[PDB]
Amino acid sequence: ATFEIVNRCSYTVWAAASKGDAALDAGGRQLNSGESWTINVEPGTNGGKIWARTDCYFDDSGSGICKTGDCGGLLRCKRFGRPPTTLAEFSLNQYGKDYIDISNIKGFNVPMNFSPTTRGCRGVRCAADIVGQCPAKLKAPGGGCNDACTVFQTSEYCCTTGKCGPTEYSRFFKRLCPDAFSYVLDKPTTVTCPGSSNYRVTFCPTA
């Protein structure tokens, strides 16, 4: 499957793509404002994620640091990034279908549209100004808006026991982005697409 990753933000973003234990394609790349990066994801990939990192500094070997979404200091991510990270999530060719979603469960750093470029399903979007409106306790110094589990590490926010309800914090994310998961037991906003579809992730889709 092919993913075109487009940076429409006015600032440079460092895109990342990983399935948790391995990079997808090159795993990461600098995208200046307007740049597009096309990657190939192997069919059958379960649990892949794409996200943006902000305010990164890397050296030659591709080592450094980002203020949001750092994946252990690497340009080419092998693991997932450090919150806050708006997340595009996908599992491909699962019994003939593809499943996509956008998640705020790990917080929010960059607005994002996640849409197919082929037929038979809708896209999803979280493009509200969550950082600007972020409740005081969730604001991350490096930028972005943390989820409540990252900040407070309680069983309720993290849904450790498998039973948990919405919270004042999760409702904040849900109210600004109804099409994104706001906590782990949220009513699913997953979109079902035909198997072997192709997609575009756009950072800052409106502004």
# chains A, B, ... in the order shown; residues from 1 in each chain; ligands from 1
>>> residues_around(residues="range 184-187 of chain A", least_positions_apart="3", cutoff="8 Å", atoms="only C-alpha atoms", output="JSON, numbers by chain")
{"A": [105, 158, 159, 164, 165, 166, 181]}
>>> select_by_dssp(residues="range 79-174 of chain A", states="strand (DSSP E or B)", output="ChimeraX atom specification")
/A:87-94,97-103,108,112-116,124-126,139,145
>>> closest_residue(among="A:74, A:52, A:92, A:16", to="residue 110 in chain A", atoms="only C-alpha atoms")
A:52
>>> residues_around(residues="residue 170 in chain A", least_positions_apart="3", cutoff="9 Å", atoms="only C-alpha atoms", output="VMD selection string")
chain A and resid 104 to 105 147 to 148 157 166 to 167 173 to 175 181 to 183
>>> write_last_selection(atoms="N, CA and C atoms", output="PDB file, in the first residue's frame")
ATOM      1  N   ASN A 104      -6.324  10.622  19.639  1.00  0.00           N
ATOM      2  CA  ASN A 104      -5.796  11.555  20.627  1.00  0.00           C
ATOM      3  C   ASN A 104      -5.455  10.871  21.952  1.00  0.00           C
ATOM      4  N   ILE A 105      -5.436   9.538  21.973  1.00  0.00           N
ATOM      5  CA  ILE A 105      -5.171   8.808  23.210  1.00  0.00           C
ATOM      6  C   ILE A 105      -3.769   9.094  23.714  1.00  0.00           C
ATOM      7  N   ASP A 147      -2.246  13.819  26.714  1.00  0.00           N
ATOM      8  CA  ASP A 147      -3.405  13.109  27.237  1.00  0.00           C
ATOM      9  C   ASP A 147      -3.284  12.963  28.751  1.00  0.00           C
ATOM     10  N   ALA A 148      -4.430  12.700  29.407  1.00  0.00           N
ATOM     11  CA  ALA A 148      -4.454  12.614  30.868  1.00  0.00           C
ATOM     12  C   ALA A 148      -3.719  11.387  31.402  1.00  0.00           C
ATOM     13  N   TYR A 157      -7.482   7.070  33.962  1.00  0.00           N
ATOM     14  CA  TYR A 157      -7.095   7.732  32.712  1.00  0.00           C
ATOM     15  C   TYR A 157      -6.487   6.743  31.727  1.00  0.00           C
ATOM     16  N   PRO A 166     -15.305   7.975  30.353  1.00  0.00           N
ATOM     17  CA  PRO A 166     -14.824   9.278  29.883  1.00  0.00           C
ATOM     18  C   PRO A 166     -14.524  10.146  31.088  1.00  0.00           C
ATOM     19  N   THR A 167     -13.671  11.150  30.877  1.00  0.00           N
ATOM     20  CA  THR A 167     -13.226  12.022  31.956  1.00  0.00           C
ATOM     21  C   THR A 167     -13.346  13.472  31.498  1.00  0.00           C
ATOM     22  N   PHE A 173     -10.828  16.564  24.504  1.00  0.00           N
ATOM     23  CA  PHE A 173     -10.383  16.140  23.173  1.00  0.00           C
ATOM     24  C   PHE A 173     -11.562  15.763  22.293  1.00  0.00           C
ATOM     25  N   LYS A 174     -12.539  15.046  22.858  1.00  0.00           N
ATOM     26  CA  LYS A 174     -13.689  14.596  22.081  1.00  0.00           C
ATOM     27  C   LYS A 174     -14.528  15.773  21.589  1.00  0.00           C
ATOM     28  N   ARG A 175     -14.652  16.822  22.397  1.00  0.00           N
ATOM     29  CA  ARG A 175     -15.474  17.962  22.011  1.00  0.00           C
ATOM     30  C   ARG A 175     -14.843  18.725  20.844  1.00  0.00           C
ATOM     31  N   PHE A 181     -10.331   9.091  18.532  1.00  0.00           N
ATOM     32  CA  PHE A 181     -10.373   8.470  19.856  1.00  0.00           C
ATOM     33  C   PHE A 181      -9.881   9.456  20.910  1.00  0.00           C
ATOM     34  N   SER A 182     -10.660   9.633  21.982  1.00  0.00           N
ATOM     35  CA  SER A 182     -10.262  10.515  23.077  1.00  0.00           C
ATOM     36  C   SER A 182      -9.790   9.768  24.321  1.00  0.00           C
ATOM     37  N   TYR A 183     -10.096   8.481  24.427  1.00  0.00           N
ATOM     38  CA  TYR A 183      -9.625   7.643  25.523  1.00  0.00           C
ATOM     39  C   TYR A 183      -9.788   6.202  25.062  1.00  0.00           C
TER      40      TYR A 183
END
>>> closest_atom_pairs(of="range 56-152 of chain A", to="range 35-44 of chain A", cutoff="8 Å", atoms="only C-alpha atoms", output="Markdown table")
| residue | atom | partner | partner_atom | distance |
| --- | --- | --- | --- | --- |
| A:91 | CA | A:44 | CA | 7.2 |
| A:92 | CA | A:44 | CA | 5.0 |
| A:93 | CA | A:44 | CA | 5.0 |
| A:94 | CA | A:44 | CA | 6.7 |
>>> residues_around(residues="residue 54 in chain A", least_positions_apart="2", cutoff="9 Å", atoms="only C-alpha atoms", output="ChimeraX atom specification")
/A:11-15,52,56,66-70,109-110,142-143
>>> closest_residue(among="A:83, A:73, A:205, A:27", to="residue 149 in chain A", atoms="only C-alpha atoms")
A:83
>>> closest_residue(among="A:26, A:100, A:136, A:87", to="residue 116 in chain A", atoms="only C-alpha atoms")
A:100
>>> atom_distance(atom1="CA of residue 129 in chain A", atom2="CA of residue 85 in chain A")
14.0 Å
>>> select_by_dssp(residues="chain A", states="alpha helix (DSSP H)", output="PyMOL selection string")
chain A and resi 130-133+148-152+155-158+168-176
>>> write_last_selection(atoms="N, CA and C atoms", output="CSV table (one decimal), in the first residue's frame")
chain,number,residue,atom,x,y,z
A,130,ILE,N,-6.3,22.3,19.3
A,130,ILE,CA,-6.3,21.7,20.6
A,130,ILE,C,-5.2,22.2,21.4
A,131,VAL,N,-4.0,22.6,20.8
A,131,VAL,CA,-2.9,23.1,21.6
A,131,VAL,C,-3.3,24.4,22.2
A,132,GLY,N,-3.9,25.3,21.5
A,132,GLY,CA,-4.3,26.7,22.0
A,132,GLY,C,-5.3,26.6,23.1
A,133,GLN,N,-6.2,25.7,23.0
A,133,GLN,CA,-7.3,25.5,24.0
A,133,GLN,C,-7.0,24.5,25.1
A,148,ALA,N,-4.4,12.7,29.4
A,148,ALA,CA,-4.5,12.6,30.9
A,148,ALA,C,-3.7,11.4,31.4
A,149,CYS,N,-3.6,10.3,30.6
A,149,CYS,CA,-2.9,9.1,31.1
A,149,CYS,C,-1.4,9.4,31.2
A,150,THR,N,-0.8,10.0,30.2
A,150,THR,CA,0.6,10.5,30.2
A,150,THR,C,0.9,11.3,31.4
A,151,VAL,N,0.0,12.3,31.8
A,151,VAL,CA,0.3,13.2,32.8
A,151,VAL,C,0.1,12.6,34.2
A,152,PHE,N,-1.0,11.9,34.4
A,152,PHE,CA,-1.3,11.5,35.8
A,152,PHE,C,-1.1,10.1,36.2
A,155,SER,N,-5.2,4.5,37.0
A,155,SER,CA,-5.9,3.4,36.3
A,155,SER,C,-7.1,4.0,35.5
A,156,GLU,N,-7.7,5.0,36.0
A,156,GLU,CA,-8.9,5.6,35.3
A,156,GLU,C,-8.5,6.2,34.0
A,157,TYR,N,-7.5,7.1,34.0
A,157,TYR,CA,-7.1,7.7,32.7
A,157,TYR,C,-6.5,6.7,31.7
A,158,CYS,N,-5.6,5.8,32.2
A,158,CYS,CA,-5.0,4.9,31.4
A,158,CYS,C,-5.8,3.6,31.1
A,168,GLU,N,-13.2,14.4,32.4
A,168,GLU,CA,-13.2,15.8,32.0
A,168,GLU,C,-12.1,16.1,30.9
A,169,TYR,N,-11.0,15.4,31.0
A,169,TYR,CA,-9.9,15.5,30.1
A,169,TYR,C,-10.2,14.9,28.7
A,170,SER,N,-10.7,13.7,28.7
A,170,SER,CA,-11.0,13.0,27.5
A,170,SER,C,-12.1,13.8,26.8
A,171,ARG,N,-13.1,14.3,27.5
A,171,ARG,CA,-14.2,15.0,26.9
A,171,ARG,C,-13.7,16.3,26.2
A,172,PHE,N,-12.6,16.9,26.7
A,172,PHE,CA,-12.0,18.1,26.0
A,172,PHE,C,-11.6,17.7,24.6
A,173,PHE,N,-10.8,16.6,24.5
A,173,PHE,CA,-10.4,16.1,23.2
A,173,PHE,C,-11.6,15.8,22.3
A,174,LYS,N,-12.5,15.0,22.9
A,174,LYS,CA,-13.7,14.6,22.1
A,174,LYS,C,-14.5,15.8,21.6
A,175,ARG,N,-14.7,16.8,22.4
A,175,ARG,CA,-15.5,18.0,22.0
A,175,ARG,C,-14.8,18.7,20.8
A,176,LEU,N,-13.5,18.8,20.8
A,176,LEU,CA,-12.8,19.5,19.7
A,176,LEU,C,-12.7,18.6,18.5
>>> closest_residue(among="A:120, A:7, A:81, A:60", to="residue 31 in chain A", atoms="only C-alpha atoms")
A:7
>>> atom_distance(atom1="CA of residue 144 in chain A", atom2="CA of residue 102 in chain A")
16.1 Å
>>> closest_residue(among="A:20, A:193, A:202, A:178", to="residue 111 in chain A", atoms="only C-alpha atoms")
A:202
